[PDB]
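> Would you be able to build a 3D model of this:
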Amino acid sequence: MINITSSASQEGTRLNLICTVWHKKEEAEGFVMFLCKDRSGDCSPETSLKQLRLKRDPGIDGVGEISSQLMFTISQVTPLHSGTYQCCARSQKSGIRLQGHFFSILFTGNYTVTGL
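Numbers count the residues shown, from 1 in each chain. The structure is reproduced below:
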């Protein structure tokens, strides 16, 4: 794990929040990715909106040669989704964390995404 990048895509009423861990090709294993909303210092898999440990066989979505992806999908954005989000990842064995930058969704009955 070197670093985590954050992105977003949308179509119709649906918004996808995307976290991407970049890593060496031989260091694809042994970390969990997760996305947290409005935590103050306790972002973990247990406090996350979504977590994922990816198995690296062919035919599985999110599996890259030097990257791994987590996608959290909001089918319809409501006021519940307004707030500040962060992508994180954690390796079990070595203890290391990586954090992404903070970004925000603001419900306005439309929405803006900022900080990406």
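> How about the residue sitting nearest the centre point of the chain, nearest residue that isn't a chain neighbour?
The centre of the chain sits closest to residue 19, judged by Cα atoms, centre = their mean, with a distance of 3.2 Å. Sequence neighbours aside, residue 87 is the residue nearest to residue 19 in space, at 3.3 Å (criterion: Cβ to Cβ, 6 or more residues apart in numbering). Heads up, the C-betas are built off the backbone N, CA and C, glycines and all.
> Relative to residue 57, how far out is the one you found?
Relative to residue 57, residue 87 is positioned 23 Å away (Cβ to Cβ, to the nearest Å).
> Out of these two, name the residue with the larger neighbour count.
For the pair residue 87 and residue 57, the greater number of neighbours falls to residue 87 (27 against 7), based on other Cβ atoms under 10 Å.
> For that one, name its beta-bridge partners.
The partner list for residue 87 in beta bridges (DSSP bridges) reads residue 35.
> list the contacts for it?
Applying Cβ atoms under 8 Å, 6 or more residues apart in numbering to residue 87 gives the contacts 4, 5, 6, 19, 20, 33, 34, 35, 70, 99, 100.
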